[PDB]
Ligand SMILES: [Ca+2]
Ligand SMILES: [Ca+2]
Ligand SMILES: [Ca+2]
Ligand SMILES: [Zn+2]
Ligand SMILES: [Zn+2]
């Protein structure tokens, strides 16, 4: 389905979770975009004003779409495929406790998955894939895209 038809993509962090230090939110999101720029021709840039392609939002409960969040647990985040307006945007449930580590829900790992959707990927049935729909903590020692994820993204880009 839909893909970005340009190589320079922008993102903006709409608001910041109080669960984390501001700089750690910025870094987690930046690093998550890097995972995907490493395996595609895409370039990602953070902007702080105006309309970005991919808006990163922390929100809880009903927050303006059909994908209302459900309090702590269950659904952690959701994202829209490429397109105008809400297309591309990535939403993170503030009722989770976001972190840089194994405690709570790791923001970086969740953002890698969400951004996969923001770039046009669907879910994988392979539990080893980052696009599998259940969160799995892995350290940034073992984390890597799986073959399934790589094939998926290169079938869309590059
Ligand atoms: Ca958008
Ligand atoms: Ca939730
Ligand atoms: Ca929170
Ligand atoms: Zn949403
Ligand atoms: Zn998903």
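FYI, residue positions are counted from 1 along the chain as it appears here.
So this one's X-ray crystallography, 1.1 Å, going by the header.
The backbone N, Cα and C atoms fix where each Cβ goes, and this holds for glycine too.
Features as listed in Swiss-Prot:
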BINDING   19, 94, 96  Ca(2+) 1 binding site
BINDING   53, 85, 87, 89  Ca(2+) 2 binding site
BINDING   63, 65, 78, 91  Zn(2+) 1 binding site
BINDING   70, 71, 73, 75, 93, 96  Ca(2+) 3 binding site
One finds that other Cβ atoms within 10 Å of the Cβ of residue 96 (Ca(2+) 1 binding site) number exactly 24
Taking the binding-site residues 70, 87, 91, which residues show a Cβ-atom distance to ligand 4 below 6 Å? 91
For a Cβ distance below 6 Å to any atom of ligand 2, name the binding-site residues from 63, 70, 75 that qualify, or say none. 70, 75
Going by C-beta under 8 A and a gap of 6 or more residues, the same-chain neighbours of residue 73 (Ca(2+) 3 binding site) are 96
Does DSSP put residue 78 (Zn(2+) 1 binding site) in a helix, in a strand, or in coil? strand
Taking only the binding-site residues 65, 71, 75, which one has a CA atom nearest to the CA atom of residue 19 (Ca(2+) 1 binding site)? 71
The answer for which binding-site residues (70, 71, 75, 85, 87) have a CB under 6 A from ligand 3 is none
For residue 93 (Ca(2+) 3 binding site), which DSSP three-state class applies? strand
Inter-residue Cα distance where the pair is residue 70 (Ca(2+) 3 binding site) and residue 53 (Ca(2+) 2 binding site), in Å: 26
Can you give me the Cα-Cα distance between residue 71 (Ca(2+) 3 binding site) and residue 94 (Ca(2+) 1 binding site) in Å, rounded to a whole number? 8
Expressed in Å to no decimal places, the gap between the Cα atoms of residue 89 (Ca(2+) 2 binding site) and residue 63 (Zn(2+) 1 binding site) is 13
